[PDB]
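In: Give me the fold of what follows.
(chains A, B, C, D, E, F, G, H, I and J, ligands or ions: 2)
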Amino acid sequence: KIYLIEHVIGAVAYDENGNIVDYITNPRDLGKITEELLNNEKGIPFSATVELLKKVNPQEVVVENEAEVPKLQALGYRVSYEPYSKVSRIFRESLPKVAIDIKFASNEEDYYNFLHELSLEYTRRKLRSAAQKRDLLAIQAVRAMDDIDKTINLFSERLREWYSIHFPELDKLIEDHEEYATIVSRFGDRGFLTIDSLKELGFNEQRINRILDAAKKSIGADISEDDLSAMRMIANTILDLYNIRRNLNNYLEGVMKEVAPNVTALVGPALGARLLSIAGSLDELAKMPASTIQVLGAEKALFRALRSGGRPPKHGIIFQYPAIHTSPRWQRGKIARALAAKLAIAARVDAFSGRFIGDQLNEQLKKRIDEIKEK
Amino acid sequence: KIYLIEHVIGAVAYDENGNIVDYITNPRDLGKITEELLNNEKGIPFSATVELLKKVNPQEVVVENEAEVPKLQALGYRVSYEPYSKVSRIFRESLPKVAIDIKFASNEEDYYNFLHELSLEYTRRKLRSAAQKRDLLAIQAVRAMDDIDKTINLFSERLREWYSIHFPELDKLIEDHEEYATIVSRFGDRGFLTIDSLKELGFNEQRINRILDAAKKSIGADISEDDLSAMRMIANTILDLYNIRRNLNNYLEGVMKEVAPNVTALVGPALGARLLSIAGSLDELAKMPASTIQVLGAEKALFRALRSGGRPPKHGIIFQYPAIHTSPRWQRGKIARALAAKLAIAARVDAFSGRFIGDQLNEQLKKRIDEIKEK
Amino acid sequence: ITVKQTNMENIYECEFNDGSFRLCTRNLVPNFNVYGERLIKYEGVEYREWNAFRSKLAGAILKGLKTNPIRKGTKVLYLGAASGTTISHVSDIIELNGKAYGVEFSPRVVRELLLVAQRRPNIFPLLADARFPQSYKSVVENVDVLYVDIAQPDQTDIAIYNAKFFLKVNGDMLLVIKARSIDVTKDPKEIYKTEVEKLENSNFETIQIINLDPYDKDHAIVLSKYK
Amino acid sequence: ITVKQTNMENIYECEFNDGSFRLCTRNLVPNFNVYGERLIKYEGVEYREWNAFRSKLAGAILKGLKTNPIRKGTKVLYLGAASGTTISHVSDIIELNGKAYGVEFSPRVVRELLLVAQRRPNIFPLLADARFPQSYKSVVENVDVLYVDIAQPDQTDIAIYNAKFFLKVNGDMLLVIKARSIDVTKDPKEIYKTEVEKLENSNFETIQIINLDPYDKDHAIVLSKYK
Amino acid sequence: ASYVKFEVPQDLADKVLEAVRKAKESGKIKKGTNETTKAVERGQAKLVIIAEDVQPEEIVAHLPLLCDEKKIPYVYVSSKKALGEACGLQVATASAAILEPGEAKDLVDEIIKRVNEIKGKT
Amino acid sequence: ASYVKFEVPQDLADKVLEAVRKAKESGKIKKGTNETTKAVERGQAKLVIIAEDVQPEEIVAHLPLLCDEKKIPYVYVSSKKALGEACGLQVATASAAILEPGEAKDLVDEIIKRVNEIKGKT
RNA sequence: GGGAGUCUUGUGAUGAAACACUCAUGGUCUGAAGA
RNA sequence: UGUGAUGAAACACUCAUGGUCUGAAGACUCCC
RNA sequence: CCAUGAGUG
RNA sequence: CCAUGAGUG
Ligand SMILES: Nc1ncnc2c1ncn2[C@@H]1O[C@H](CSCC[C@H](N)C(=O)O)[C@@H](O)[C@H]1O
Ligand SMILES: Nc1ncnc2c1ncn2[C@@H]1O[C@H](CSCC[C@H](N)C(=O)O)[C@@H](O)[C@H]1O
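Out: Numbers count the residues shown, from 1 in each chain, chains lettered A, B, ... in the order given. Ligands and ions are numbered 1, 2, ... in the order given. Pasting the structure now:
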């Protein structure tokens, strides 16, 4: 019976007593060790392990890691693992020393000089594979889009408050923020309004006269061009911002179809993106129960109920789903519960690499929405 | 003794009992009444009131307004006022009716039609003189700056967390936000960084290489040009908003040397504007004791101490004054108290139409500051 | 749906589709709402849904205003008209015969009061400080009811002053007490008592003292008669 | 100003310009600071100011930690290394001879751990999940001290699993119990009794139980010996 | 001076200066411009006294406005040093206020009722 | 299916289903995928039972990962209808959890130890 | 320790809790009945 | 309908108005 | 929402 | 920060 070890130091064999039966030392080479370190994660034995499994030819072999066992059985051997074995322990208790003993390094002095540089480089590599994930861009993109949403709304309320020093009636005449900033951008003084800039917006002729009269009889304040230009800087930024949102929206749409097609199919790209931002990743989203996905984003209300034993929230960011916020209070709960359910199914096929199945999920979803609404 | 009444209805004289001695009805003309109601606010007598004091030729006149009293004296009569006289009530007790009696209108039906459209017009007018105040622009402007201040910070924080998916090493290498923003905006992929476009920013040759070496050695992700151009939308906006802020700070200075020079003289346009925003107007800041100005902008902190008998805030938005946030903790309290004192004098000399005196106000202030610092 | 009169003039309750009950006033300018309220037709008449949570007067009623001095054909001085929420509804109540004068010294907000005051000949906008009743003196007459919902530390002292200008003897005054806008330190229940004594030492005959909670926290309305 | 040794190796106190007393360590990498900490020279030697409010270790020290198992040349496995605030200071304590293996599985944060791990040969950074020590089995040795500061509901179990891999017998574990991250409903103090029992069932000998409040709310640190 | 709204005769002026003094002793006063402003906002002041030689004037120009909004009567005295040394101070004061008249109730009631006559009130 | 790491002999698969049943009576169990997920998240399940005939495969795929994180053993049964109908339901179930074995202690402890031998554990 | 003056100061001495934001980790409802 | 039935408090903001600290001390110098 | 670690204006 | 009246995404 022979017990087997895997490390930067190489591959070593022990009898159960804790004596090195045979060893094959690793190359003291950063590049190569790193790789075999990444590989032993997936079950791949060090190359030094395969040779050592050859010099002594043991009837019973046992390793540290359970992902290795199916690989080594495929080489012909009878293999198992004992994770935190007396041998593995006996092995590291002597790691100050046995690096020198199997002649991996001359002294204790530059074993750590190296093990450090490997430790530096092994993780530097993982830092990269992580940044390389597709879903991070999906998350950062929509967080940023929402940062713009907030901003547009803020400036618009400033600009309405600000421009109304000059032209108050205009505020209550245009519901749309984008339409309004566009008026202030193009014209300036209230007295420069002309019909063609107004027919260019999409404004129907009836509104057009109501606007031109409003400007005429305005009890507003007469103001310098320096004052108007100030307002218009704020106005123009609002317009810029509206464009970028749509660009980002398109950018997000692609990504959200690339990394997470099924989830995107159910609730659309942003909200799918949104849930990716709260969970942190797709794979973390996938492992979630529906009862959690249902309330993601209502953390204040959730922990209020859980602390106090009061009533919980029906919906978190899931609230944005058109069906939910259009529908009455008693339907929302049943719609959320059903939706979240479909969502974990949507998510799980995505992360665990399933091919697109979003259609029947939708069908399944809209069905349950119909059973619900028919009461 | 004749008690004199003044109304939209015209000008009335009464004996002490409340019996109509004589009248001169106003013309049923919106235009003249609106101007005379505004004039009577400054004490100017109705023109119709002027005639009535000629026909009847009274020893003693008494008016409803104490502001009117000196005007009619300058006109030659002996005048006083009784605020809520029994005659004034008697007049108005009979106002549904005596409107018809003196023939201002035929009936009740359209005296009320008129007084309604006077009131619409009389206040349409007052609504406009309010809009005409210059400090309003100062307030709206500086509100918009702080809005850009916030946005920039937000967008800047987003770009960095985002752009670090590709090039994580640039974040902690460039302390300043705008600078970071230009680098994302001119280049894109880290692999386009060049000494020349980078020597164009002003980067000392040493930091440029620290930058370029980091770009070479980046454990960030190789990422497409769509992702990158998406991030750049945000980088550019950060740049637009800084340019716009720099314009608004310049606009603001203009309005602020104009409407409140001494305040400005002391604390500058931004901070001064800011106190105008908080007080509501220049004339509200003028009326503040320093004990308020000193705590304007600490309302959470203030009332917390006021409700409970706790410790008060030392300073409010005043925290922004260089002397205050730089000087050690024990000095802030006194500097603030001294600034606020001067600010209130300054605000008061500015509103009540004083000329610039900011030189000595600063001199006096740096005195109080130099003393504080020598302990 | 079902709509029927209540014990008070021009004021109704509604039975609804589900079995819910909400106050309303008879719409003086049909098809037009000053805030977002439901418009409801019942036997072909249009009424305006009167949210108590927004208007102090509906609160006082739904909190038991025993009797209401504002009715069909009443003349009122309304200090603090603001955007026009409550005064639009008293327009529905006093109903053309009667008249309402709106004092309000805040222009950002009179801006929207203009609108409510165009559509309605009941309502007479006046941009003034109720602390100087001299400035609006020359546009109004005397009134039966003095409705005061103004944010001031001496709101009551103001109210008393306007009172001795314009309140007909034996008129009713509805004075709204804002504890937290008189003093956020003091206990609200302590304040109402301390202010009601203000009215009674100045000879108002307190008819009823109403606490608005939950319609309005730390709020009370007093009805008293002027002598 | 004066600097002097304390009862614990390579950990120092300062008499200051005013008379405040603050912890610090002998700076392993002079002229260089990992968070914003003050650098202080005395008789020509440089120390790093160890803010207890950021670092849990300094808290437990300032709260009467009986004995410190971290000293000149200790080999320590540190689960949940995060930004490197605390682990930078245990570098100063162990001093080139000693070795510190730092686990942390949030890439966003290992990013700055990297910077700290570069100047310091004391520190061996590992982007990994402390729940699977199979992953860092192939880089580390066995250790004298197991410092576990991870925000996890099964943080205690993680510590334990990690111990029977890397904890020498008669070696020590410093386990930070982060109550609100274990269960936000239970009383923090109930949490502590249950977790220490966990230690005591795996033949850990509870040596000392410290509460980090006021430096860290609802937090406790356990020092115990593995048998 | 322009923040000076109406005219004070030195007999009227003096009854004030005595009136202040008895109110330190028997009542309650607030001394200083900032305290007088707070005293008015608060409706604690029963009588507000303003000096005529303030420089610059605009320092106390706001008190007439405030006193009418809160309907508090105001009066002038000619020297600020004189109003301070009444106040129990050894330096000047530009404005002062009586919140509690005390054993000057009768004396204040005479002044507050006299500046009304010179203001044209019946 | 691919989310099943190892192979269950039907002498073990059935001794599984029986251990579930005794746990409804004498112990405490949980049924359904979302609840198993929580019983695994919370460290309540001692044994987690996942079906092999689930459609689509991805629904229960996260459980192996999870369970290895919380070191909670997991086992497969061949039929989904049977696992649900075992639970005291008349419908299928994709995954379940035993929280307290009750009178399946000796029975469970034997399973988790046989599924260990089949996993190559010493 | 007793006595004594000088400068600053109600045009404000002394005391004394300004505010706005981003990231990372964990704590993340119920569970068999429904028409 | 356990591939989740029933119950059941999603989140980000703007304007207007009022409530908006303390109050006479602090630093120096010369006599036995 | 609570707790922890890293920062910005 | 509290209260009140009007509004936004
Ligand atoms: N001094 C004053 N004079 C007149 N109105 C004032 C005032 N001070 C405050 N107000 C106004 O009083 C209003 C209180 S809200 C009350 C509005 C009205 N009661 C309604 O229910 O619709 C505020 O909008 C405020 O602008
Ligand atoms: N399972 C896990 N494995 C490794 N690290 C984990 C973990 N779960 C949480 N963590 C990390 O534990 C850290 C706790 S913050 C720790 C502060 C730091 N140890 C110091 O005192 O300086 C978080 O950064 C989190 O990322």
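In: give the contact list for residue 85.
Out: By default, I'm working from chain A. By Cβ atoms under 8 Å, 6 or more residues apart in numbering or on different chains, the residues touching residue A:85 are A:3, A:62, A:64, F:122. Quick note: C-beta positions are derived from backbone N, CA and C, even for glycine.
In: What are the contacting residues of the helix or strand encompassing residue A:113?
Out: Secondary structure from DSSP states H and E places residue A:113 in helix A:109-131. If you take Cβ under 8 Å, 6+ apart as the criterion, helix A:109-131 is touched by A:8, A:28, A:30, A:33-34, A:37-38, A:99-100, A:104-105, B:164-166, B:168, B:219-221, D:99, D:107, D:110-111, D:114, D:117-118, D:121, D:123-127, D:139.
In: circling back to that earlier point, can I have the buried ones of the contacts of residue A:85 as a PyMOL selection?
Out: Here is the PyMOL command that picks out the buried ones among those, judged by 16 or more other Cβ atoms under 10 Å in any protein chain shown:
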select buried, chain A and resi 3+62+64
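In: Residue A:20 against residue A:13, yeah?
Out: Yes: when contacts are counted by Cβ atoms under 8 Å, residue A:20 is listed as touching residue A:13 (6.9 Å).
In: Between those two, point out the one with more neighbours.
Out: Comparing residue A:20 with residue A:13 by neighbour count (other Cβ atoms under 10 Å in any protein chain shown), the higher total belongs to residue A:13, at 22 against 16.
In: counting contacts, what elements does whichever strand or helix holds the more buried one pack onto?
Out: Secondary structure from DSSP H and E places residue A:13 in strand A:10-14. With contacts taken as 3 or more Cβ pairs under 8 Å, 6 or more residues apart in numbering or on different chains; DSSP states H and E, strand A:10-14 sits against strand A:2-7, strand A:20-25, helix A:47-55, helix A:86-93.
In: need the contact list for whichever residue of chain E sits closest to RNA strand J.
Out: As assessed by Cβ to the nearest atom of the strand, RNA strand J sits closest to residue E:41 within chain E, at 16.2 Å. By Cβ under 8 Å, 6+ apart, residue E:41 lies in contact with B:289, C:153, E:66, E:70.
In: Distance check, it against residue E:103.
Out: In this structure, residue E:41 lies at 27 Å from residue E:103, with Cβ to Cβ, to the nearest Å as the measure.
In: Please work out which residues outside the longest helix along chain E touch it.
Out: The helix of greatest length in chain E, counted in residues with DSSP state H as the criterion, is given as helix E:10-25. With contact meaning Cβ under 8 Å, 6+ apart, helix E:10-25 is reached by E:29, E:47, E:49, E:75-78, E:82-83, E:86-88, E:96, E:98, E:100-104, E:107-108, E:110-111, E:114-115, E:118.
In: Please repeat the previous calculation with a cut-off of 7 Å.
Out: Identification of contacts with helix E:10-25 by Cβ atoms under 7 Å, 6 or more residues apart in numbering or on different chains yields E:29, E:49, E:75, E:77-78, E:82, E:86-88, E:96, E:98, E:100-104, E:107-108, E:110-111, E:114-115.
In: what about the helices in chain E?
Out: Assigned helices in chain E, in chain order: E:10-25, E:33-41, E:63-69, E:80-86, E:105-117 (criterion: DSSP H).
In: Please identify which of the ones you listed is closest to RNA strand G.
Out: The minimum distance between RNA strand G and the helices of chain E falls on helix E:33-41, with 3.1 Å, by Cβ to the nearest atom of the strand.
In: what residue lies at the spatial centre of the chain?
Out: All of this refers to chain A. For chain A, the residue lying nearest the average C-alpha position, counting by Cα atoms, centre = their mean, turns out to be residue A:281 (3.5 Å).
In: ah, I was thinking of chain E
Out: Here the mean C-alpha position of chain E is nearest to the C-alpha of residue E:49 (Cα atoms, centre = their mean), at a distance of 1.1 Å.
In: do you know how far that one is from residue E:108?
Out: As it turns out, when the distance is counted by Cβ to Cβ, residue E:49 lies 10 Å from residue E:108.
In: What does the residue of chain C found nearest chain E show for phi and psi?
Out: Chain E sits closest to residue C:131 of chain C, with a gap of 5.2 Å, by Cβ to the nearest Cβ. For residue C:131, the backbone dihedrals (degrees, to the nearest 10) come out as phi -70, psi -20.
In: count of neighbours near it?
Out: Residue C:131 is flanked by 20 other residues according to other Cβ under 10 Å.
In: how near is it to residue C:159?
Out: Plainly put, residue C:131 is 11 Å away from residue C:159 if you go by Cβ to Cβ.
In: Surely residue A:297 is within a helix?
Out: No: residue assignment for residue A:297, taken from DSSP: H, G, I helix; E, B strand; the rest coil, gives coil, which places it outside any helix.
In: List the contacts of it.
Out: Shown here is residue A:297, whose contacts under the criterion Cβ under 7 Å, 6+ apart are A:278, A:316, A:317.
In: isn't the second one right next to residue A:296, touching?
Out: Read it as residue A:316. Yes: counting by Cβ atoms under 7 Å, residue A:296 is a contact partner of residue A:316 at 4.5 Å.
In: ok, back up a step: looking at the helices of chain E, which is buried most?
Out: Here the criterion is mean neighbour count by mean count of other Cβ atoms under 10 Å in any protein chain shown, and of the helices of chain E the winner is helix E:33-41, at a mean of 23.
In: So that one, near RNA strand G or not?
Out: Yes: using Cβ under 7 Å from any atom of the strand, helix E:33-41 reaches RNA strand G at E:33, E:34, E:35, E:36.
In: what residues does chain C put near ligand 1?
Out: C:55-56, C:79-80, C:82, C:85-87, C:103-106, C:109, C:129-131, C:149-152 (Cβ under 6 Å from any ligand atom).
In: Just the buried residues of those.
Out: For the residues of chain C next to ligand 1, burial is judged from neighbour counts taken by 16+ other Cβ under 10 Å, and it is met by C:55-56, C:79-80, C:82, C:85-87, C:103-106, C:129-131, C:149-150, C:152.
In: Out of those, which sit inside helices?
Out: Counting by DSSP H, the members of those that fall within helices are C:56, C:85, C:86, C:87.
In: Among those residues, which ones lie close to RNA strand G?
Out: Restricting those to contacts with RNA strand G (Cβ under 7 Å from any atom of the strand) yields no residues.
In: coming back round to it: which pair in the contacts of residue E:41 has the greatest spatial separation?
Out: Longest distance between any two of those is 15.2 Å, between B:289 and C:153; criterion Cβ to Cβ.
In: Just want to know which of the two has more residues nearby.
Out: When residue B:289 and residue C:153 are compared on other Cβ under 10 Å, the one with more neighbours turns out to be residue B:289, at 21 against 15.
In: Quick check: the gap between the more buried one and residue C:39.
Out: 50 Å.
In: Residue A:139 too?
Out: According to Cβ to Cβ, residue A:139 and residue C:39 sit 46 Å apart.
In: So for these two, which residue has more residues nearby?
Out: Comparing residue A:139 with residue C:39 by other Cβ under 10 Å, the one with more neighbours is residue A:139, at 25 against 14.
In: The more buried one sits in which helix or strand?
Out: helix A:135-163.
In: now the angle between helix A:109-131 and that helix, please.
Out: Following axes from the mean of the first three to the mean of the last three Cα atoms, to 10 degrees, one obtains 60 degrees for the angle between helix A:135-163 and helix A:109-131.
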